[PDB]
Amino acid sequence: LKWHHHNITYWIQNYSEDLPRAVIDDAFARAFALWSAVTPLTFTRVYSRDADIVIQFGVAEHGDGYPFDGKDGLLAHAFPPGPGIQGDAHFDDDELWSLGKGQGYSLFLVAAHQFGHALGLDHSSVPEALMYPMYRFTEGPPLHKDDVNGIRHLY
């Protein structure tokens, strides 16, 4: 299951109260940049519901039939490629979002993982691969050779 076009679009519907708009826009862009670096895909920011990947921050019940569970636990979730809600990525705003070393969760790293799913990737079994199902902070290049092979296999 994957996208049939390579010029993918995204829409940042809203923001979190934890960080400045500029920091959030940048974090999402750098996250998309990791993937386009190893594939023929490109990512374009738009401002309408016509975008392939719609990004949203929410708490508890927020629309779909999948409410978040308050602080900690599930950090976020996304859907596989397709029309409508498919391909979208949502982030639990009951979590403390930040960047780098320190308390709170890295928005940059979590976004990179969520976008992996929105592109068609599944969970990895390599505990050190980005697509590994459990959160873990890391410095340096985020994508493990397992992630790179997985995306290249699809696109």
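All residue numbers are counted from 1 along the displayed sequence. Here the rigid core means the biggest group of C-alpha atoms that line up within 1.5 Å when the two forms are laid on top of each other.
- With every structure aligned by its rigid core, 133-141 is the stretch of 10-18 and 133-141 whose CA positions lie farther away in 5 other deposited structures of this protein.
- Taking only CA atoms, the mean B-factor in the PDB entry is higher for 59-67 than for the other of 97-105 and 59-67.
- Note on 10-18 vs 129-137: mean CA B-factor is higher in 129-137.
- Per the PDB record, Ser124 has a higher Cα B-factor than any other of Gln86, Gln114, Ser124, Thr44.
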